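A.B. asks: I have a structure I would like to understand better, so I am pasting it below and will then ask my questions one at a time.
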Amino acid sequence: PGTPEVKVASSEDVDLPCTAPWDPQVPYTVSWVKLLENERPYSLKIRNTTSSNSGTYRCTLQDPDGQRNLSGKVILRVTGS
């Protein structure tokens, strides 16, 4: 709900986008998780996608000052065969 979706054919690579609303000119570090229960900054590369890669992912951008972070979610649906 309100979460964007990426569809990719199986065995293709995908660069999953970081949907955190980040600040320009801040040198973030990025950390990605899968929630179980390319010129775009901070994307997650997933090579040779398979059906099991489908799911909801969360990016978290950490401010270098260590006092702030920002997170956004994206859904991946793998649909080739």
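Counted the way full-length UniProt numbering counts, the sequence shown spans residues 18 to 54, 86 to 129. Using N, Cα and C, we set each Cβ at its ideal position, and we do this for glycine too.
(1) Going by DSSP, what residue range makes up the beta strand (DSSP E) through residue 103?
(2) Would residue 37 and residue 119 be called neighbours here (beta carbons separated by less than 8 Å)?
(3) For the putative contact between residue 41 and residue 122, defined by C-beta atoms under 8 Å, what is the C-beta separation to the nearest angstrom?
(4) For residue 117, which residues of its own chain have a beta-carbon under 7 Å away from its beta-carbon, when the five flanking residues on both sides are left out?
(5) Helix, strand or coil for residue 91 per DSSP?
(6) Determine the direct distance from the alpha carbon of residue 50 to that of residue 19, and round the result to whole angstroms.
(7) Measure the alpha-carbon distance for residue 73 versus residue 93 and round it to whole angstroms.
(8) Kindly give me the distance between the Cβ atoms of residue 96 and residue 28, rounded to whole angstroms, as I take these residues to be in contact under 8 Å.
C.D. replies: Let me spell this out:
(1) 103-110
(2) yes
(3) About 20 Å separates the two Cβ atoms, so there is no contact after all.
(4) 108, 109, 110 and 111
(5) coil
(6) 19 Å
(7) Note on the chain: consecutive modelled numbers read 54 then 86, so residue 73 has no coordinates in the structure shown.
(8) 6 Å
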